[PDB]
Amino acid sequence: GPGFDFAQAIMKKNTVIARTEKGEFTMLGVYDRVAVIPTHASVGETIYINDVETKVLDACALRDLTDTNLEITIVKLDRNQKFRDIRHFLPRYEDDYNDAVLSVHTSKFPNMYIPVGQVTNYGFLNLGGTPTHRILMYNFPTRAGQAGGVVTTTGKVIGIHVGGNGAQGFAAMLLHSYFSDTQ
């Protein structure tokens, strides 16, 4: 179906397996050598990208106007391969959505596709003790190891998975404005 075709294409061309000291994460490549990863991955000065030691040229843990964690870290990678530019698939504002898919790919969870259904946005989530803003919630019982998983709808890349409470899953919202690249 159309949703799954889109999630599969995003997985096909715009993800890598990232590995920090904290373990494996699904990593979404956004454009050029810029990718995102949940902030609790604790990205260092180097990171394994599909098992290749890759220097980190920059790592920026995003925080909003309120100096509040957004749980996305934007990473610039020292590698020759260039990500296809999917910034046009990113929402421009916070929204709700229907029929979302959570797509994960790691060694532990290879090629995982979960139709999580309706997604609702919130301004708030206390994430393992850290206040966090701009969160998408889906009523599905996600599990540790899916962090960084990409959430999509037909034609939109809307968030990356950051955590869960046993019954619900939470994603950090992706906004086009994050990747404005205006110094």
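Residue numbers run from 1 along the displayed sequence.
The mean Cα B-factor in the deposited entry runs higher for 123-131 than for the other of 154-162 and 123-131. On average the C-alpha atoms of 138-146 have higher B-factors than those of the other stretch, with 138-146 and 114-122 being the two compared. If you compare the C-alpha temperature factors of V30, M27, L70, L65 in the entry, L65 comes out highest. Of the candidates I37, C60, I49, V34, the one whose C-alpha carries the top B factor in the deposited record is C60. In the PDB entry, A167 places in the highest third of its chain by CA B-factor.
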